[PDB]
Amino acid sequence: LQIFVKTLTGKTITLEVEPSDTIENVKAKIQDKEXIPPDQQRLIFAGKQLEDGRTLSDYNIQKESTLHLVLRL
C-alpha cells in the first residue's frame, strides 16, 4: 500500500504503509525520510488533523491518498 505525504516546502514523498498502520506508525516513517521528531509532526488528511493511535483504515485513507505534513514548534 502506498500514500503520498506533502510538506509546507511542497515536496511530495511517497510511503509504503499497511492499511492497519497507526498515524503514529506513519510519523515514524516520515521521521526516517525527513529527520523530524514525531511530536513535531502534524498530519492532515482532507482538511482533518489526524490523531495518532487511530489507523489509516479508521480514516478511510487508502491507495494514493495524500497526507499533509505540518510542523509544530
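The residues of the chain are indexed from 1 along the displayed sequence.
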K.L.:
Which pair of heavy atoms, one from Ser57 and one from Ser20, lies closest together, and at what distance?
P.N.:
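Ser57 and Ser20 have their closest heavy atoms at OG-N, 4.0 Å.
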
K.L.:
Taking atom CG of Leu43 and atom CD1 of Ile30, what is their separation to the nearest 0.5 Å?
P.N.:
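One gets 4.5 Å once the value is rounded to the nearest 0.5 Å.
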
K.L.:
When rounded to the nearest 0.5 angstrom, what distance separates NZ in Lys29 from OG1 in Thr14?
P.N.:
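Between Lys29 NZ and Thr14 OG1, I get 10.5 Å after rounding to 0.5 Å.
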
K.L.:
Looking at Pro38 and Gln31, what are the two nearest heavy atoms and their distance?
P.N.:
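Smallest heavy-atom distance, with atoms named: CD-NE2, 3.9 Å.
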
K.L.:
Which salt bridge (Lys or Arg N to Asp or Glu O under 4.0 Å) pairs, counting each pair once, include a residue from residues 12-24, with sequence neighbours left out?
P.N.:
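Every pair satisfying salt bridge (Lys or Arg N to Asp or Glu O under 4.0 Å) with a residue in residues 12-24: there are none.
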
K.L.:
Mark yes or no for whether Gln2, through its side chain, and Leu15, through its backbone, hold a donor-acceptor pair below 3.5 Å.
P.N.:
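Side chain of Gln2 to backbone of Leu15: no pair is present.
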
K.L.:
Nearest 0.5 Å, what's the CZ-CG distance between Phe45 and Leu56?
P.N.:
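One finds 9.0 Å between CZ of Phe45 and CG of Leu56.
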
K.L.:
Can you pull the salt bridge (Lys or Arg N to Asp or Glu O under 4.0 Å) pairs that have at least one residue in residues 42-57, sequence neighbours excluded?
P.N.:
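Applying salt bridge (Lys or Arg N to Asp or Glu O under 4.0 Å) to every pair that reaches into residues 42-57, excluding sequence neighbours, yields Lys27-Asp52, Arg54-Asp58.
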
K.L.:
When the side chains of residues 63-73 are checked against the rest of the protein, which donor-acceptor pairs come out under 3.5 Å, sequence neighbours left out?
P.N.:
residue : atom : partner : partner atom : Å
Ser65   : OG   : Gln62   : N            : 2.8
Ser65   : OG   : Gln62   : O            : 2.9
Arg72   : NH1  : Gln41   : O            : 3.0

K.L.:
Of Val17, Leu50, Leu1, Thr55, which is the lone residue that meets side-chain contact (heavy atoms from CB on, under 4.5 Å) with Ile61?
P.N.:
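By the side-chain contact (heavy atoms from CB on, under 4.5 Å) criterion, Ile61 pairs with just one of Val17, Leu50, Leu1, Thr55: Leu50.
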
